[PDB]
Amino acid sequence: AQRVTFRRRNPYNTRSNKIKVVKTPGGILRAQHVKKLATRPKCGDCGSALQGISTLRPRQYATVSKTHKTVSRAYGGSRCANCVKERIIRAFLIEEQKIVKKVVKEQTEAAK
Amino acid sequence: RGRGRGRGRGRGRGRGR
Amino acid sequence: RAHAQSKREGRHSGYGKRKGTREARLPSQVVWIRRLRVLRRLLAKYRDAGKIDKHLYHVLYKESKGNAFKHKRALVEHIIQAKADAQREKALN
Amino acid sequence: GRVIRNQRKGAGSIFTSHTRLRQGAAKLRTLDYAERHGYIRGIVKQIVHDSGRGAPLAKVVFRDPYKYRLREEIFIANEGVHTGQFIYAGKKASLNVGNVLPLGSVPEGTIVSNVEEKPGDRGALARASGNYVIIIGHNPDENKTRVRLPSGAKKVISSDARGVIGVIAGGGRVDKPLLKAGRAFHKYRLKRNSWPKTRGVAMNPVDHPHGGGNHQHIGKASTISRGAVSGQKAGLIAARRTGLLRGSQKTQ
Amino acid sequence: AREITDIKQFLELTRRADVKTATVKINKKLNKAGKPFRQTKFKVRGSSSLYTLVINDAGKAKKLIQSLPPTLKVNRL
Amino acid sequence: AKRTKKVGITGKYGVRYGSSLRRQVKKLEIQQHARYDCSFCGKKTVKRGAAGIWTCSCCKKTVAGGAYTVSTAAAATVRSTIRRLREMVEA
RNA sequence: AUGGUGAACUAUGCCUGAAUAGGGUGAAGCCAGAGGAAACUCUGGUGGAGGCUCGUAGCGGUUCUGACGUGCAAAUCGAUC
RNA sequence: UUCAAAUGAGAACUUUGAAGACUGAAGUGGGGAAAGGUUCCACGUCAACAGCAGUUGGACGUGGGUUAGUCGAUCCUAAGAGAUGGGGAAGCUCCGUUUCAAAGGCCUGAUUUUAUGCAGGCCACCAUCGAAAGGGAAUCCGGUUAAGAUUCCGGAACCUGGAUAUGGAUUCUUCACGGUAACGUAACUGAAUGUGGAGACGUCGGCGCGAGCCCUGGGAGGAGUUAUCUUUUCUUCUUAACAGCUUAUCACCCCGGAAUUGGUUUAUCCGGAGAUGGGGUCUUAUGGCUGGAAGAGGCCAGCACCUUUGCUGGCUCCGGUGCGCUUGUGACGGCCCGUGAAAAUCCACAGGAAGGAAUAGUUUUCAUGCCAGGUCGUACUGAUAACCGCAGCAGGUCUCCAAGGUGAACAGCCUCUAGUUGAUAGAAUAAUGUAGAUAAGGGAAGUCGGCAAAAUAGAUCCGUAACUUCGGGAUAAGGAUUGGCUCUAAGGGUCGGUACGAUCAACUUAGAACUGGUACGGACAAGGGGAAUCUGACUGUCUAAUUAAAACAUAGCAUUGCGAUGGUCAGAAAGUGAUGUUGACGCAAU
Ligand SMILES: [Zn+2]
């Protein structure tokens, strides 16, 4: 049966003026301004949120340690950990294909 | 001026023809 | 508190005290949601307890989805009936 | 009198295009050394919808031949182009859907779209959804190629102009009726302020040459001469015939 | 606003050359279901955070008080 | 139970817009909401969104096609008249 | 006629935000059952579609040609819509 | 509105107490934006003002009051605005915003003449202005004033910028290990350049979860009622930012190889492109425990006593419930010829340029320690008296918080918290009025005209025509039932087993007796209907302040112009523009 007011000068229900009702140690209801929630980082080509990376605001990523923003595997904090393994098959097979196509070209001018 | 003092336009009042 | 105590016994609930529709007082979707969540939960715990097999569970999951099982007591009578005729066929074949 | 409605559209105050949600200018890759002596490979990265357009756009990424970077161009997606497909642009490209070739090397009867008028303008002809041109003849001398335009005109352009093989996706869009003014309100909400349109016969004489009178009628002939004056051109300008034709449709 | 569970690490914080004020708080609590007991809380004020150590045994409560250095100002209750 | 006799998906429009205009939309609204087989993964997971764009539910392949159909009949002849003309270049 | 001032009211476009109880009707998709040689057709549910509908806040201003008409008001008040 | 007292020369109007009432929480409550500018607070005053009065006042006179590294501005960019280079114009000035321009400085190396000349390489982005509702580094709790606070005080935190030190870690295999894997850790060199992510997004629908509120049980205190009854009614029992550990839907990994197809949502999607199952990984919105933190705050008791006024004891506990209300969020589904901003900023990866150990070095992305954080706004009203309307005007003006009962309901009605009792009064009850009502018999005979008024009204059950674009018409039309009380039946959760009990918690529906002055949606609330004609298809829009319509618009249909050296239109001119970030399924004109 207790009502509460805004704690700042903004009187409108914008996206940056969310309110959570919090019971204080004084025994009364009081509003608390909450921040906009962070979004998990996404992979560069598959669109899924890669795991092992903390979900924070971009400028508070410079305060957390190194281990919260990367994975020990190469292309750690950029790819989907199946995106890495997909471009290894492609990098190994094409270069193996590019050298067996070079010896097929050699077959032409050496026997015509 | 206001809604009163009507003399001009009229349905069947003054200022006809 | 005295008026709410009499409503638990069934008083003050006749046709002269209803001003909204039957769907307005209690939606039909909530009754249907309550019906499936009892039938699906009972049917899932019978598969885990060994009282029913996965082939009979699959044909009862879809049967309970449409109709013919209006409460839990109707489903357990069909399960026993579907298990009683299953053992007489095996004993004769 | 008063300045009539179509004269006010040239000032460009409230009649300008709404270009907030547009993805950019859909232009072909600029003509460089690689596209007139060989070909270059590009990847279809993402196909997206363009606001105010009926045909979707395609994000195609090429490699810069002179510096280590990536260049993303804005193409008009043809029907059949999918993501992850290799796009070959240049003089020595093959005849596949989505490839960009000079139209002086394609055979007669090729279905191409996004055709340059002059070599270097990065696509001028056949850009709407479901539209295409057909190469009808080749002149090896003077490097001139004859094509047919979607309106049926038979133009001749240079053989060095480029064009994307295939037909533009999103065809058959105008086949569905809108069924209401609400769907027509949203269609023109992202193009320009030109809807709804008030008839000129139902307005005042100051607002239109057709206005006025005790009955809703034009009064004079609705066919306006070509050498008229801005303010008089309201109706059928330089019409050579009128009425509905009870006969065959557009000629060959 | 930080809790310390090690008593050997607690003694190192009292000789950090910057802590000047320490407080001991006696709390009247009770056990699982029976008699009340005496809970103590040793709080050391640092330069960026307040470290505290809670001992639920009265036998070790008195022993830790004499182990504190005398240059540290202890505030009883 | 079949709820409606002939209106089908156009029963949301009520008694408005006329019967003939509601029948042409019914022919195109069924096609634009139907599911289609993916040529790459073989699954019937292609759905329409942002007309002219046909995305596979899984398989992440996005194919540009017609406004209400994946492959229009006017574009199928285009896909065959270029394949026929391509074979004459090398042969 | 000459030279200046105004879109704080209002007209329209754009940009960035905000606001809109509770009911009625029951479109596609889906499930189960029944009939039939087939084609398929019916029955019971599910689902929640609409420039749909009743009706608050809101917006509007039909009628009483009511009140007022040197008014509370140079356009308001009441019922009704 | 009433009574009494106080003050005063003077009281229907001031103050206090008592009584009766209202606003009923979409408020006459508590806060803000725009706007006002001292109206805020105290003391003194009553000539004028408060259309009566006045001891009172938003009045008059004299003073007091607004405290920030964390709240905003400042910064970024949107629609746009607008210098320079140039081109027009007699000219005031106009065009144009990266445009026909020789458009600029960063990490450093070289230098121990002194401060930066000078050697590379790099990057061509090329003014600036534009949001106190967009984007955005970082604070909470308690106490405090006559009037101020997230700003003061006390306690407890966090961010940015800059210095360096101590401890740790790594290095003689120079620039770390473990896990099959997803990945994990207190740390664990990375320049030019390139790439990616966050910032960064529509609406509606149901479902899951969380928070606050509502409801409720036991217990520990206080208050109310008591002719009678009532283990009764009311009230108190609270835990911030931040820190550590832990915790889930989704997602992913390993083993394994599925038809006698299985799994599974309220809503039918998934599986040899590897399901079910078994074992794991990660995100930490949120929740849980602990620290912060009882030392606070709250509720009482026992004392002191003109007094600065305190002092001493206690308790502050353990639970339950949900189609509940508000709100946050998660995974989904529907809709589009509508697919629903940008930039500053921050991070990661790719890359291997450089710099480095052995009697010694490197990392301030590990821990701790040090210093600093400027300028301006901050009072009050935000409206039947502080804003705009000539005013202390029944008008107009954006938004947040939302108790209990009745009921479908944020409807109407009553009450709690909170706030008002302010609109000149007194005495009588003629006519005529304004507002609200009731009428015997007839039932539109009234009137241009059923104008006005009346009747109908909720829910449940029955029944429902012509016509039709087959979707409707339809709540068609037309009937019946409705209270109270006593019962019956049906619809669930949790626990030990290859069978059944025990226990616990919900308002939903149906049925049967009894009962009454035949009343029962008992106040409130709440469709008149049918048969046809003219006309416009419908939703929608306009003459602010006499005309809301058959007028306008609309989808549909048709015609015309135009292939860019172009169509239509603008400008005094222009190296000028709109359509055009456009290309005939287009634009422009009817
Ligand atoms: Zn696929």
Side-chain angles (χ1 to χ4, degrees), chain A residues 1 3-6 8-14 21-27 37 39-42 44 51-52 55 58-59 61-62 65-67 69-71 75 77-78, chain B residues 1-4 9, chain C residues 14-16 18-20 24-27 30 33 36 50-51 55 58 62-63 65-67 71, chain D residues 6-7 9-12 14-17 19-20 22 24-25 49 54 68-69 117 124-125 127-131 149-151 153 155 173-174 178-182 186-187 193 196 230 235-239 242 244, chain E residues 1-3 18 47 52, chain F residues 1 5-7 9 11-12 14-16 18-19 50-51:
Chain A
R3 293 167 280 194
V4 76
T5 70
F6 279 134
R8 279 149 196 194
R9 291 278 183 177
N10 202 343
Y12 302 114
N13 192 44
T14 50
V21 177
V22 175
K23 181 72 71 64
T24 59
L37 294 174
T39 312
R40 325 191 48 203
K42 306 298 182 297
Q51 76 190 252
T55 78
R59 184 177 179 179
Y61 274 117
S65 70
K66 191 64 166 298
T67 62
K69 306 171 298 197
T70 180
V71 183
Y75 286 90
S78 64
Chain B
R1 272 207 159 177
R3 61 162 313 262
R9 302 287 77 77
Chain C
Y15 288 130
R18 316 213 183 123
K19 296 206 75 193
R25 300 159 60 92
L26 172 72
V30 190
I33 287 168
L36 289 179
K51 315 187 78 163
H55 304 88
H58 197 71
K62 298 192 183 303
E63 269 185 38
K65 193 195 164 69
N67 284 317
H71 40 78
Chain D
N6 58 358
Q7 293 187 275
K9 279 170 171 267
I14 54 157
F15 306 106
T16 67
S17 291
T19 61
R20 177 181 61 107
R22 281 158 151 94
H49 165 83
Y68 176 69
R69 67 177 67 188
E117 264 171 332
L125 298 172
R127 312 177 80 217
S129 79
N131 279 106
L149 289 167
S151 71
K155 213 183 184 172
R173 172 177 38 88
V174 301
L178 286 161
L179 294 174
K180 54 190 199 172
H186 296 301
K187 176 183 171 183
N193 181 31
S230 56
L236 318 172
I237 294 95
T242 43
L244 178 66
Chain E
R2 193 185 263 91
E3 183 178 1
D18 62 328
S47 189
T52 185
Chain F
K5 182 180 173 279
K6 71 154 63 187
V7 295
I9 207 177
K12 56 168 178 177
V15 298
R16 284 157 280 141
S19 79

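Excluded from the calculations below are hydrogen atoms, water molecules and symmetry mates; all remaining heavy atoms, backbone and side chain alike, are included. Protein chains get the first letters and strands the later ones, always in sequence-line order, with residue 1 at the start of each.
Which of H/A33, H/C337, H/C346 sits closest to the side chain of F/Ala51 comes down to H/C337. Closest to the side chain of D/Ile14, from the set H/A187, H/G563, G/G13, is G/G13. The D/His186 side chain lies nearest to H/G338 when the options are H/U509, H/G338, H/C347.
A search for salt bridge (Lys or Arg N to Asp or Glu O under 4.0 Å) contacts involving F/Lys12 returns F/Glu29, not counting sequence neighbours. A search for side-chain hydrogen bond (donor to acceptor under 3.5 Å, both in side chains) contacts involving C/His58 returns nothing, not counting sequence neighbours. When the side-chain contact (heavy atoms from CB on, under 4.5 Å) test is applied to F/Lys6, no partner is found at least two apart in sequence or on another chain. Remark: A/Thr24 pairs with A/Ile28, A/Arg30 by the side-chain contact (heavy atoms from CB on, under 4.5 Å) rule, at least two apart or across chains.
Mapping A/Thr55 and A/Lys42 onto RNA chain H by nearest heavy atom places A/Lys42 closer to the 5' end of the strand. Of the two residues contacting RNA chain H, namely F/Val7 and D/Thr16, the nearest-nucleotide position lying further toward the 5' end is that of F/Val7.
Proximity of C/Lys19 to the phosphate of G/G23: no side-chain N or O atom is located under 4.0 Å from OP1 or OP2. Residue D/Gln7 places no side-chain N or O under 4.0 Å from the OP1 or OP2 atom of H/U568. At H/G134, one or more side-chain N or O atoms of A/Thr14 fall inside 4.0 Å of OP1 or OP2 (strictly under the cut-off).
Among the protein residues, C/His71 comes within range of the sugar-phosphate backbone only, with heavy atoms under 4.0 Å from sugar or phosphate atoms but none that close to a base.
Using a 5.5 Å limit on the distance between ring centres and a 30° limit on the angle between planes, the aromatic ring of C/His55 counts as stacked on the six-membered base ring of H/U260.
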Checklist entry - Where along nucleotides 584-590 of chain H does protein come under 4.0 Å, by heavy atom, of base (B) or sugar-phosphate alone (S), with - for untouched nucleotides? => result BBSSSBS
Checklist entry - How does each nucleotide of nucleotides 45-57 of chain G score, in 5' to 3' order, for protein heavy atoms under 4.0 Å: base (B), sugar-phosphate only (S), or none (-)? => result BBBSBSBS-----
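Checked by distance alone, D/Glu117 brings a side-chain donor or acceptor within 3.5 Å of a matching partner on the base of H/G583.
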